[PDB]
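Encoded as structure tokens, the structure appears first; notes follow it.
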Amino acid sequence: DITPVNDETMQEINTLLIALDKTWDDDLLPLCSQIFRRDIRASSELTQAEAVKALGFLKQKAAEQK
Amino acid sequence: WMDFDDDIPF
């Protein structure tokens, strides 16, 4: 399933990045590229299935400690 | 493979 990430999922990810003081360019896109073993250069280029995995990881991080 | 279920720093 290669449906692109939807706007709702993107907005939840953006929310957590801001709360974590992290960014797509410095933090998340590099990690997504390593985990998904593919060149991911923009937030819009994730699949919805990939974005859901990233979102779960961000939720873990935001839930863990202040 | 490292993946998003792992306890990796961020």
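Letters A, B, ... mark the chains of the structure tokens in the order given; residue numbers begin at 1 per chain; ligand numbers begin at 1, in order shown.
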Can I get the residues of chain A within 12 Å of chain B, each with the closest pair of atoms and their distance in Å to one decimal, using only C-alpha atoms, sorted chain first then ascending number, as JSON lines?
```
{"residue": "A:17", "atom": "CA", "partner": "B:10", "partner_atom": "CA", "distance": 10.5}
{"residue": "A:20", "atom": "CA", "partner": "B:10", "partner_atom": "CA", "distance": 9.2}
{"residue": "A:21", "atom": "CA", "partner": "B:10", "partner_atom": "CA", "distance": 10.4}
{"residue": "A:22", "atom": "CA", "partner": "B:10", "partner_atom": "CA", "distance": 8.4}
{"residue": "A:23", "atom": "CA", "partner": "B:10", "partner_atom": "CA", "distance": 10.6}
{"residue": "A:24", "atom": "CA", "partner": "B:10", "partner_atom": "CA", "distance": 11.8}
{"residue": "A:26", "atom": "CA", "partner": "B:10", "partner_atom": "CA", "distance": 10.4}
{"residue": "A:27", "atom": "CA", "partner": "B:10", "partner_atom": "CA", "distance": 7.1}
{"residue": "A:28", "atom": "CA", "partner": "B:10", "partner_atom": "CA", "distance": 8.3}
{"residue": "A:29", "atom": "CA", "partner": "B:10", "partner_atom": "CA", "distance": 11.7}
{"residue": "A:30", "atom": "CA", "partner": "B:10", "partner_atom": "CA", "distance": 10.8}
{"residue": "A:31", "atom": "CA", "partner": "B:10", "partner_atom": "CA", "distance": 8.6}
{"residue": "A:32", "atom": "CA", "partner": "B:4", "partner_atom": "CA", "distance": 8.7}
{"residue": "A:33", "atom": "CA", "partner": "B:3", "partner_atom": "CA", "distance": 10.8}
{"residue": "A:34", "atom": "CA", "partner": "B:2", "partner_atom": "CA", "distance": 8.3}
{"residue": "A:35", "atom": "CA", "partner": "B:3", "partner_atom": "CA", "distance": 5.4}
{"residue": "A:36", "atom": "CA", "partner": "B:3", "partner_atom": "CA", "distance": 8.0}
{"residue": "A:37", "atom": "CA", "partner": "B:1", "partner_atom": "CA", "distance": 9.4}
{"residue": "A:50", "atom": "CA", "partner": "B:4", "partner_atom": "CA", "distance": 9.6}
{"residue": "A:51", "atom": "CA", "partner": "B:4", "partner_atom": "CA", "distance": 10.6}
{"residue": "A:52", "atom": "CA", "partner": "B:4", "partner_atom": "CA", "distance": 10.1}
{"residue": "A:53", "atom": "CA", "partner": "B:4", "partner_atom": "CA", "distance": 6.3}
{"residue": "A:54", "atom": "CA", "partner": "B:4", "partner_atom": "CA", "distance": 6.6}
{"residue": "A:55", "atom": "CA", "partner": "B:4", "partner_atom": "CA", "distance": 9.3}
{"residue": "A:56", "atom": "CA", "partner": "B:4", "partner_atom": "CA", "distance": 7.9}
{"residue": "A:57", "atom": "CA", "partner": "B:4", "partner_atom": "CA", "distance": 5.8}
{"residue": "A:58", "atom": "CA", "partner": "B:10", "partner_atom": "CA", "distance": 8.9}
{"residue": "A:59", "atom": "CA", "partner": "B:4", "partner_atom": "CA", "distance": 11.2}
{"residue": "A:60", "atom": "CA", "partner": "B:7", "partner_atom": "CA", "distance": 9.4}
{"residue": "A:61", "atom": "CA", "partner": "B:10", "partner_atom": "CA", "distance": 8.0}
{"residue": "A:62", "atom": "CA", "partner": "B:10", "partner_atom": "CA", "distance": 10.7}
{"residue": "A:64", "atom": "CA", "partner": "B:7", "partner_atom": "CA", "distance": 11.2}
```
Q: List every residue of chain A that DSSP, applied to the backbone, labels as alpha helix (DSSP H), and write the result as a ChimeraX atom specification.
A: /A:7-20,29-36,48-64
What does the file look like for those residues with N, CA and C atoms, as a compact mmCIF listing (two decimals), in the first residue's frame?
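Output below, filename selection-v2.txt:
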```
# COMPACT_ATOMS: atom_id res chain seq x y z
N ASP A 7 -3.17 14.41 5.11
CA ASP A 7 -2.86 15.69 5.70
C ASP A 7 -3.05 15.57 7.21
N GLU A 8 -4.03 14.77 7.64
CA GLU A 8 -4.33 14.56 9.05
C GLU A 8 -3.13 13.94 9.77
N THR A 9 -2.56 12.92 9.14
CA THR A 9 -1.43 12.22 9.71
C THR A 9 -0.21 13.13 9.75
N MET A 10 -0.01 13.89 8.68
CA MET A 10 1.05 14.87 8.59
C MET A 10 0.92 15.90 9.71
N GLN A 11 -0.30 16.37 10.00
CA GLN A 11 -0.50 17.40 11.01
C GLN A 11 -0.20 16.86 12.40
N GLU A 12 -0.50 15.58 12.66
CA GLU A 12 -0.18 14.95 13.93
C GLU A 12 1.33 14.81 14.09
N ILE A 13 2.00 14.45 13.01
CA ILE A 13 3.46 14.34 13.04
C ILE A 13 4.08 15.71 13.31
N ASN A 14 3.58 16.73 12.61
CA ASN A 14 4.11 18.08 12.74
C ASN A 14 3.95 18.54 14.20
N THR A 15 2.76 18.34 14.77
CA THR A 15 2.51 18.63 16.17
C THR A 15 3.56 18.05 17.11
N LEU A 16 3.90 16.77 16.94
CA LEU A 16 4.86 16.13 17.81
C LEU A 16 6.29 16.57 17.55
N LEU A 17 6.64 16.84 16.30
CA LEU A 17 7.97 17.35 16.03
C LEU A 17 8.19 18.66 16.77
N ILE A 18 7.20 19.55 16.71
CA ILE A 18 7.30 20.87 17.31
C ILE A 18 7.43 20.71 18.82
N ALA A 19 6.63 19.80 19.39
CA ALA A 19 6.64 19.57 20.82
C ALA A 19 7.96 18.93 21.27
N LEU A 20 8.60 18.18 20.39
CA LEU A 20 9.87 17.52 20.68
C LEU A 20 11.06 18.41 20.35
N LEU A 29 13.44 13.01 8.57
CA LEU A 29 13.60 12.48 7.22
C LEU A 29 14.85 11.60 7.16
N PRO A 30 15.97 12.02 7.75
CA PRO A 30 17.18 11.18 7.79
C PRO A 30 16.92 9.82 8.44
N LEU A 31 16.20 9.82 9.58
CA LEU A 31 15.89 8.57 10.25
C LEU A 31 14.95 7.71 9.42
N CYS A 32 13.90 8.31 8.86
CA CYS A 32 13.00 7.56 8.00
C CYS A 32 13.75 6.92 6.83
N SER A 33 14.70 7.65 6.26
CA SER A 33 15.48 7.13 5.14
C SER A 33 16.26 5.89 5.59
N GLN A 34 16.87 5.96 6.77
CA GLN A 34 17.63 4.83 7.29
C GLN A 34 16.73 3.66 7.61
N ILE A 35 15.58 3.91 8.26
CA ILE A 35 14.71 2.82 8.67
C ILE A 35 14.03 2.19 7.44
N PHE A 36 13.61 3.00 6.48
CA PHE A 36 12.85 2.47 5.36
C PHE A 36 13.76 2.16 4.18
N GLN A 48 1.52 6.50 3.60
CA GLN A 48 0.71 6.55 4.80
C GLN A 48 1.16 5.47 5.77
N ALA A 49 1.57 4.29 5.27
CA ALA A 49 1.98 3.20 6.15
C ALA A 49 3.28 3.55 6.88
N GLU A 50 4.23 4.16 6.17
CA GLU A 50 5.46 4.66 6.76
C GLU A 50 5.17 5.77 7.78
N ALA A 51 4.31 6.73 7.41
CA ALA A 51 4.03 7.84 8.30
C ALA A 51 3.44 7.33 9.62
N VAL A 52 2.55 6.32 9.56
CA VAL A 52 1.95 5.74 10.76
C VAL A 52 3.02 5.14 11.67
N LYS A 53 4.05 4.53 11.09
CA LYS A 53 5.10 3.97 11.91
C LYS A 53 5.91 5.09 12.56
N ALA A 54 6.20 6.13 11.80
CA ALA A 54 6.93 7.25 12.34
C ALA A 54 6.11 7.92 13.44
N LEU A 55 4.79 8.06 13.22
CA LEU A 55 3.97 8.74 14.20
C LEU A 55 3.98 7.98 15.52
N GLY A 56 3.93 6.65 15.46
CA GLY A 56 3.94 5.82 16.67
C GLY A 56 5.22 6.03 17.47
N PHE A 57 6.33 6.17 16.75
CA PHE A 57 7.64 6.39 17.33
C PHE A 57 7.70 7.77 17.99
N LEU A 58 7.15 8.78 17.30
CA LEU A 58 7.09 10.11 17.90
C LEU A 58 6.22 10.13 19.15
N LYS A 59 5.08 9.42 19.12
CA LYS A 59 4.22 9.38 20.30
C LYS A 59 4.94 8.76 21.49
N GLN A 60 5.70 7.69 21.24
CA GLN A 60 6.51 7.08 22.26
C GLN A 60 7.47 8.09 22.89
N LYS A 61 8.16 8.83 22.03
CA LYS A 61 9.14 9.81 22.47
C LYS A 61 8.47 10.93 23.26
N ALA A 62 7.33 11.45 22.79
CA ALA A 62 6.67 12.52 23.50
C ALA A 62 6.06 12.01 24.83
N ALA A 63 5.67 10.73 24.89
CA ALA A 63 5.07 10.19 26.11
C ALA A 63 6.14 9.86 27.15
N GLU A 64 7.40 9.75 26.76
CA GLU A 64 8.35 9.08 27.63
C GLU A 64 8.88 9.96 28.77
```
